[PDB]
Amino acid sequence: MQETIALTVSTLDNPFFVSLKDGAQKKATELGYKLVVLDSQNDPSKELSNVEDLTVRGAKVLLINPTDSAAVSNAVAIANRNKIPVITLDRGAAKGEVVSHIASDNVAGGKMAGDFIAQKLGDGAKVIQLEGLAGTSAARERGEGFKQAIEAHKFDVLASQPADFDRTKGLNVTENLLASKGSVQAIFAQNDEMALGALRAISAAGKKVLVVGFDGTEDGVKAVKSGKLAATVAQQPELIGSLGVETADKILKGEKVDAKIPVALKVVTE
């Protein structure tokens, strides 16, 4: 009987997570596993029922990308109680027994983004941060890194506000902030979806604002190459997914794995 590895992804409405899924799928096939992928649709309740389902299906390992690094504890507990090893991908779990966490160094990433803004505009720039989901380690860490850049480069932070990794929210929040914080010079958007929404708001307002994104999605890089998006801190979602499956395979083979597996970042510019 072919063995199954389960992947629960926070959403498939975001190109980044489609890439992560694809990387996990190709590596699963390469190593001889059936990959079962369930979409949490950014909903912790659906995530819980997803983990229940994959469990009754006899998944040998659970790869989970939490909708919320706190809320996910109860979902991890399901796998724990049913003796299914857990690997977290891209976002961590605050509680629950986890074998390995695989993600970018999102603190370094946030600092890279801020450093790039300073390189372009100089110290003392007026900036706005569009934050991701506050409950995720990815957003929290990017904020921490950006704070390091704010202090090092004496940025004037006009606003720092969530748009929940969503393109439409990114647009709406930016539209509002362009009205109230019109002197903003640069925006760090904690993912490319929000970056692209922000760019639409900026253009619609006829304003001049430098934007730095995060992920290096196809759309993100397209916007960078066109000169619309000043830069994006590129991640390797396919590699996060593939490393998840590779790590799952090692666990099942009885081989020890690293507790933390960092995945490299790179600033992509015009």
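Numbers follow the displayed sequence, beginning with 1.
Check your understanding: Averaging C-alpha B-factors over each stretch, which comes out higher, 174-182 or 142-150?
Key -> Taking the mean B-factor of the alpha carbons in each, 174-182 is higher.
Check your understanding: Would 240-248 or 28-36 have the larger average of its C-alpha temperature factors, as given in the entry?
Key -> Here the higher of the two C-alpha B-factor means belongs to 28-36.
Exercise for review: Return the residue from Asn80, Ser73, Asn191, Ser104 that has the highest Cα B-factor in the entry.
Suggested key: That would be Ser73, according to the entry.
Check your understanding: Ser226: which third of its chain by C-alpha temperature factor?
Key -> Ranked within chain, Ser226 CA B lands in the highest tercile.
Review point. Against its chain's modelled residues, does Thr55's Cα B factor rank lowest, middle or highest third?
Key: For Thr55, the deposited C-alpha B-factor lands in the highest third.
**Study point:** Ranked C-alpha temperature factor of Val157 among modelled chain residues, by third
**Key:** Highest third of the chain for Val157's C-alpha B-factor.
**Study point:** Among modelled residues of the same chain, the CA temperature factor third for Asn65
**Key:** As the PDB entry reports it, the C-alpha B-factor of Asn65 lands in the lowest third of its chain.
Review point. What third of the chain, by the recorded C-alpha B-factor, contains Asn42?
Key: According to the entry, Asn42 has a C-alpha B-factor in the chain's middle third.
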